[PDB]
There are 6 protein chains.
Amino acid sequence: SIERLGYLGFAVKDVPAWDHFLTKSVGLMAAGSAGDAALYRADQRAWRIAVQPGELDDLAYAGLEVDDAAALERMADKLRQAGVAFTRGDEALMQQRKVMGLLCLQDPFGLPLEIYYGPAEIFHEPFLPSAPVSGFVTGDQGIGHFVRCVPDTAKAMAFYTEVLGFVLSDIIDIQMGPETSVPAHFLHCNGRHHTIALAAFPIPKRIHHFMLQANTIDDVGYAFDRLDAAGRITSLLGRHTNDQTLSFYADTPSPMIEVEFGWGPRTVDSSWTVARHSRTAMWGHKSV
Amino acid sequence: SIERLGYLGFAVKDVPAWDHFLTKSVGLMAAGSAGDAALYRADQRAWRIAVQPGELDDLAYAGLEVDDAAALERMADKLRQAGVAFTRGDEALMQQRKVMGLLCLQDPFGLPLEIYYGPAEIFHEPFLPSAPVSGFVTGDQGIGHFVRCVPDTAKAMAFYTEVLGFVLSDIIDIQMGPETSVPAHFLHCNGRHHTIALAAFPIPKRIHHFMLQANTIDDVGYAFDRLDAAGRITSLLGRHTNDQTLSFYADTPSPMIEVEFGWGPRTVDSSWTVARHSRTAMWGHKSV
Amino acid sequence: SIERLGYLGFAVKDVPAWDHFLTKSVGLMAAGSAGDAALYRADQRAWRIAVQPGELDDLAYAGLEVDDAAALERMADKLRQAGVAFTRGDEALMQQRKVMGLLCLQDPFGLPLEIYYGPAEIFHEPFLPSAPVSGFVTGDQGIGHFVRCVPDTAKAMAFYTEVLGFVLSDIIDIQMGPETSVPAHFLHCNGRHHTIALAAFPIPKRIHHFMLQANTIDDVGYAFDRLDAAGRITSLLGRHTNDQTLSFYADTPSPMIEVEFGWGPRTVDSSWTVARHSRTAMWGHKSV
Amino acid sequence: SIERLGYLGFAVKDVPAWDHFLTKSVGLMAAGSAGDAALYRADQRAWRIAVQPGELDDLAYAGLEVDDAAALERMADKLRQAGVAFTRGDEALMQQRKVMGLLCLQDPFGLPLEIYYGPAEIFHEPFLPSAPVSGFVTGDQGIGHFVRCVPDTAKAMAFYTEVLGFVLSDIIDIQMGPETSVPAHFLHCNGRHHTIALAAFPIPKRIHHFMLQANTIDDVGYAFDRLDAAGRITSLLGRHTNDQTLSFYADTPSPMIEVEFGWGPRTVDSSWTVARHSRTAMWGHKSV
Amino acid sequence: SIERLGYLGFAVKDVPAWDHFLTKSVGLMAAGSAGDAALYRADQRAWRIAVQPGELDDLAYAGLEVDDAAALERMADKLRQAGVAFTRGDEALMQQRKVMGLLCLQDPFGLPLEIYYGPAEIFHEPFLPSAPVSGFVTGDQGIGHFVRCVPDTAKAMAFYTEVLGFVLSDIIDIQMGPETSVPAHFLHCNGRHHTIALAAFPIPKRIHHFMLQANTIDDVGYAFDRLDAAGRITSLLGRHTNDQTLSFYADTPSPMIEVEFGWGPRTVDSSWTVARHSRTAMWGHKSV
Amino acid sequence: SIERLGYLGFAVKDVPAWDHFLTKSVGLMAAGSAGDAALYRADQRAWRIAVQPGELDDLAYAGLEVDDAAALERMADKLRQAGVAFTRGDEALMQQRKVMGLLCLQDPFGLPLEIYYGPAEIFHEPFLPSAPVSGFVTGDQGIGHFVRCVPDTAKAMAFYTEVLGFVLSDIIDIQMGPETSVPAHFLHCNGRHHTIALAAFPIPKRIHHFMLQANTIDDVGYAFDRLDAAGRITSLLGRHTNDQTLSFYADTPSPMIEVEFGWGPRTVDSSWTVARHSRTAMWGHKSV
Ligand SMILES: Oc1cccc(-c2ccccc2)c1O
Ligand SMILES: Oc1cccc(-c2ccccc2)c1O
Ligand SMILES: Oc1cccc(-c2ccccc2)c1O
Ligand SMILES: Oc1cccc(-c2ccccc2)c1O
Ligand SMILES: Oc1cccc(-c2ccccc2)c1O
Ligand SMILES: Oc1cccc(-c2ccccc2)c1O
Ligand SMILES: [Fe+2]
Ligand SMILES: [Fe+2]
Ligand SMILES: [Fe+2]
Ligand SMILES: [Fe+2]
Ligand SMILES: [Fe+2]
Ligand SMILES: [Fe+2]
């Protein structure tokens, strides 16, 4: 099974706006480039987010990490047994992503996924944020989460759980209109309450948002003010019902894709109990 | 196996007396209604205790929780293999109990049991006690315990352990008369020393009492005074020999059914050793 | 100023009943005799309570401790300056009380007080309780407290505070009848919330009770059952409003003198704020 | 496998001397009798050591505890499979030992062993030591250890490990004469570094000693002085090389059987590494 | 699988220089001799490093520890199944190495390995360093690590992982020349991040260095000055990218073999993720 | 007032025996010489104990430390005001003792005292014990204590308290014969329960013993065995009634002067209460 979400690549219409957004607003460290992709760091990894030019204005790929070469081969076996098509990343791709091995596939609705092992770390170039942020919570919990839009949640659930080994944490009926809600399914693959959530939202993007977790409440408060100065805030500060992350949401430069910046959630383990919630926020998160 | 006791439903002759008892005396939060049942909360769950009108003046059903849908299906398999009749709760029942799935059955002596997963939580409506109580100990240990009256303890033991997966903690020979005792069997299914105890008592009720565990010793002391003002106390403060819960007992409005309100027990795990005790109280619990 | 209450001597009509009471019920260690006084230990001190025959059936003297010889001389100076009569204990008295020096005086209403330093300790004869009690809280807080009955609380307050150096913690209006209360004044001289309380009670004794503090809640619970078996309980378990001691009261063999046996209070310091309370118990302590 | 050593029974020529020894010297609580056996407590168990009259002046039986009835049946299966004779204790024996079930057998060299479950606990009669000892370390580690004398250590090892499930901790070559040593094998069955040790000593007793572990270093120091006053000391204070228990040894009233009274060892788990030691004491334990 | 590295034996041209180096510079305790080998201690073990005369000026053997006799037999089975030649150490060898059993074999490139159990400990002769060092970190992590030079890292990896049970922690591309690096593979067999590393270095020695871990940063700082006074320093203080050990390197008296003396690394477990690093030092370690 | 005891100088008939005793038995570090005095270290100070040849076979001087130059001048003022003769140590003496300033005087019975400030520390030559001892407890508590023999304890008390600023901790009536005891007075000048004790013993030495405090109980146990091998033990292990130091006593090479080697006492402060004890040992310390 997948151990954690390790990296995200975006294909965007405004690379300079994304550069400013990720550095001056979010606080990530600029880390050069690989091919036509600008790279950004959040920790010791050589990169965590890549931004390349493209008309998609969307998530172009997600990197799903396993712990060693044998684990990668076991994932290849799982894909074969499930009848899921995949190819082995060639040397050029391995060098581009800075990994020792990877499998390239797509989820049932077209999102490219890369299962990899052996990422590059550069502790001799210690992390230096571009904006005041004390650090990010990554480690065994990976880079953060994203909310994946899908046309058929049952079909998506079968793939992410049965093939990739994610596990359902809980469900929230997210209120859309007066008498309409969407049942969002929150999945874990480590202690992070959710790494991927699935929801049948009526938006034209592969994801609704990606989320980064900062070390302190002040990191979140300060980031809110930076994103507010940029005119990007989409939610007030709030705390989620299911994972108790205290966060806010803001627009990225790609229309309809947001970022969530948060702190302080609960973590999970083998004893997590599936439950259902009728709201996304225990408090706050008013849309603005 | 069952993971924890999640909810209790009572059918009672005096619904207003039970309402006052559960709120002003015990401290639970009134939480509206579902059908003809008044609902009461002790924590983040949408409800923990339900009270409906009925001549039984007794426990009408107990909700036994599992962690996910697959676990529920495994319980259905266990029931099938054991030859225990059950039905799947329909949509109306699921909506009434606020659960994602449930199996309806009875124990060997007629107590309706509901095995369920995916209960509703409402963190956006934070718990507010109706009387001064700092909170209840629930979580992975479930709502509390009850002592089930049975005509044949061996038969009841076989069902609760072999079919439902409870595990014997210990036995107390409860003194009844001069030369008479009843061997009460205390069973766990999580860290709570007992979730269900079985005893062959000569009372005309399905249960002897249900128990709630408060967060502090003062919660217990204050509750004693409230129940004393109500004229309901049946035991002085005391501490049990087996789980070291410090509690008192009081009458509910249903004759012969008591409530226990306690604090501070030991918890159990895979290393618990079966032992036998000759008294229910290490100290206190004098009957009044 | 007085540093702590160190010892108590009783003159009683039934020495054997007091012996049984202090050992088998309370748990103190029998420690031989000095003259016609039977001695009892609670800790490393050679003795803490003395019981001698006498018709008083009351507290015969209280030992008030200071830390060294110079402190004793300063107390002699305070007594002289205040015009309070005193004598210096002679060699025989010093040997009887096992102290290096002492001043003998009375409070304004006739209770003999002994101010002393240099008590005997016998760590080579480690404490061994006579009943199941894990130990007592003594140390810098002294042996416990007593509630002193006085005809004029203002006069008593002036003596205990201005002459002896006690400090007011708080006041409780203790309900006596329908429209009658007595303002009990609780005084400290160390971290123990009260060492002496003063009250104008209509009883024919020098004290209402003396109190010992045990190390654990179970010590208190077990002691309650022992005193109940002896037919001596006068209050149910409860917790005080002012010091948050969790205790019960019981009769000693001397009519109208009780003992309090408790656990777990708050302690005080230079920042304690005088406040007023309308009840002695936050919960419990129902009289029986 | 055996979970812990639970009880010991001795058959002795001088029952009064053993009574005084176990109470006034060691500190155990006298706990009545069962049949012709005097009982002694160290904790919440109804009894831990039994003393009956007999010419053996030796260990008459050892009680080996398992956690439940099913575990006892699994032990019966192991005995059957190994060809080890055993009988099931009858009702009279169960009542005598205060257990819910037991198997009676002998080790290869004649020591009666009793494998049992469901011992009696009496928390309503809290432990009260007969001499100043703060308490004993028992719990999941059982009552202590004994060193079993055997004529063939390999044969004894095969039985205790393969049949009963004990596990070798380490070996000490115990110096006997100038060029002679005995390889003592120390076995665990829980966190206690050793519960049984095997050694081919030239003594005419079934055991060399039994050992009790007290809670504090002072407990050990005080006990040394009591046993010295009794003229029973056989070793000065010392600390063992293998388990780092700080203890002393003394004679029991049965010739050639000693007691060890100790504190503060290391505990073990699945990661313990077998090692060999050339001395029993890292320091101390000089024979006197 | 191998549990830890337990001992190292060197065959050297200058035994007195090695003696001075290990004692006065490194701080090990001289511990007599066994045959023609001088022995040195770092802890409770009778010996950890042996130095014998020989023209090799290299590591002569490495002792790989398992926890018990059965584990040794399982290793013999693994060797047999893998077609790896081995012999059982005879009594003379067992006595020389002070072990209860051992298997003698070589790795694929000629380094003698000894798999053993039951080493001698001498707690009655407590460790006394020869130079100011507070102690070494050994225990379950073994004596330290060594970096093994091999002509074919893949072949060496297959042996150390598949046969001996070591597990890959991570890889560092160690820069050699302008456009040349060697991929060093770091292997664990316990919590120590690496016990053996494999690298295809162009040196004529079996190992590049061995490493000892001291308890404090000051131990490392003081040792640096001692080795500097001896003219042996080869690296400044630094900290590694992969295990975060803070250390320095120095020459041993055998040309081309160094010692590493360090403190304060991260430890590993089943959750360690394979990663790749482009530098050996996060900071420092400049070669001098 | 004096802040702590900093150093001791002995004048002895057998300098080599004292050298072996202090290093191989006690564990102190040899630290060269100053004039005709051999120096020994216990910590970062350039020296703590000096040994010079002399027929006295006794303590030749004691160094009493203050914190700065102004404090030394205040001590000179106290001496002047008390009429106590003193001289200022000259440059040669300052260089010999490695201090920035000192006053030379004697106590009322002839013991030379040196009050000093600004001692030399040599952290670049870290402490290295000569025998297995983990370290000594010194710091603000100074080097240890000594018991000073005096012909008139009242006179000695007046000097040590009124002139030097020591403070009485407690008194022990030390049993000498059948109906004879000596009241030993234990004095502190920092958190060490006693730095100097005064007693009217009938011995022909200035002191009865000096004491060093080691960091661990094992340090004490191991030291006992070393001193026993040397034939010097004078007491078994024991623990004191007043300071709860766990120690043993042994003979130094100077007849009638002993050393005490201990661990783990209580410390004192402004709240210490004077008490009296009838024994020196709570347990142990049997004379041998
Ligand atoms: O991390 C999260 C936890 C709970 C809910 C959301 C969410 C809210 C609105 C739309 C989509 C998801 C979320 O992001
Ligand atoms: O929680 C508990 C623990 C031990 C005994 C009882 C009990 C006492 C009297 C009657 C029935 C049960 C209990 O409720
Ligand atoms: O310790 C105490 C704290 C508060 C009240 C009392 C008290 C109650 C009734 C009568 C007298 C005193 C007391 O004893
Ligand atoms: O607990 C123990 C640990 C180590 C050795 C012994 C021992 C010593 C002498 C004779 C027999 C055993 C022991 O009792
Ligand atoms: O412990 C270690 C951790 C990381 C790298 C090295 C290393 C550096 C240079 C040459 C060989 C190995 C090392 O020793
Ligand atoms: O540190 C100490 C504490 C208490 C007593 C002594 C003592 C015992 C015998 C003779 C002199 C002193 C001592 O040294
Ligand atoms: Fe989110
Ligand atoms: Fe109950
Ligand atoms: Fe009171
Ligand atoms: Fe033993
Ligand atoms: Fe290294
Ligand atoms: Fe001393």
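Read the numbers this way: they start at 1 and go in the same order the structure lists the ligands and their atoms. Because only heavy atoms are used, hydrogens play no part in the values below, and waters and symmetry mates are left out as well, while side chains stay in. Labels below follow one simple rule: chain letters A, B, ... track the order of the sequence lines, proteins then strands, and each chain is numbered from 1.
Neither the backbone nor the side chain of C/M211 comes within contact range of ligand 3; no heavy atom lies under 4.0 Å. Neither the backbone nor the side chain of D/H285 has any atom closer than 4.0 Å to an atom of ligand 4 (non-hydrogen atoms only). Contacts of C/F201 with ligand 3, taken as heavy-atom pairs under 4.0 Å, involve the side chain alone.
Looking at residues two or more places apart in sequence or on another chain, you find a side-chain contact (heavy atoms from CB on, under 4.5 Å) between D/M157 and D/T153, D/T161, D/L168, D/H185, D/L187, D/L198. Looking at residues two or more places apart in sequence or on another chain, you find a side-chain contact (heavy atoms from CB on, under 4.5 Å) between C/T280 and C/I172, C/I174, C/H240.
Ligand 5 is never approached by E/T245 to a heavy-atom distance shorter than 4.0 Å. Ligand 4 lies less than 4.0 angstrom from a heavy atom belonging to D/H194. Under a 4.0 angstrom heavy-atom cut-off, E/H209 registers as being in contact with ligand 5.
Of the candidates E/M282, E/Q244, E/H240, E/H240 brings a heavy atom nearest to atom 5 (C) of ligand 5.
Geometrically, ligand 3 and C/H208 share no nitrogen or oxygen pair separated by less than 3.5 Å. Residue E/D243 has no nitrogen or oxygen atom sitting less than 3.5 Å from a nitrogen or oxygen atom of ligand 5, judged on distance alone.
Taking a cut-off of under 4.0 Å to the non-hydrogen atoms of E/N242, the atoms of ligand 5 that pass are 3 (C), 4 (C). Interface atoms of ligand 4 facing D/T280, defined by a heavy-atom separation under 4.0 Å, are 5 (C), 8 (C). Each of the following atoms of ligand 5 lies closer than 4.0 Å to a heavy atom of E/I172: 4 (C), 5 (C). Here is the list of ligand 4 atoms found below 4.0 Å of a heavy atom in D/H145: 1 (O), 14 (O).
Between E/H193 and E/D170, the side chains place a donor N or O and an acceptor N or O closer than 3.5 Å (distance only, hydrogens not considered).
Taking NE2 from C/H209 and OH from C/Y249, the interatomic distance works out to 4.0 Å, rounded to the nearest 0.5 Å.
At the top of the distance list for atom 7 (C) of ligand 4, counting protein heavy atoms only, stands D/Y249 OH, 3.6 Å.
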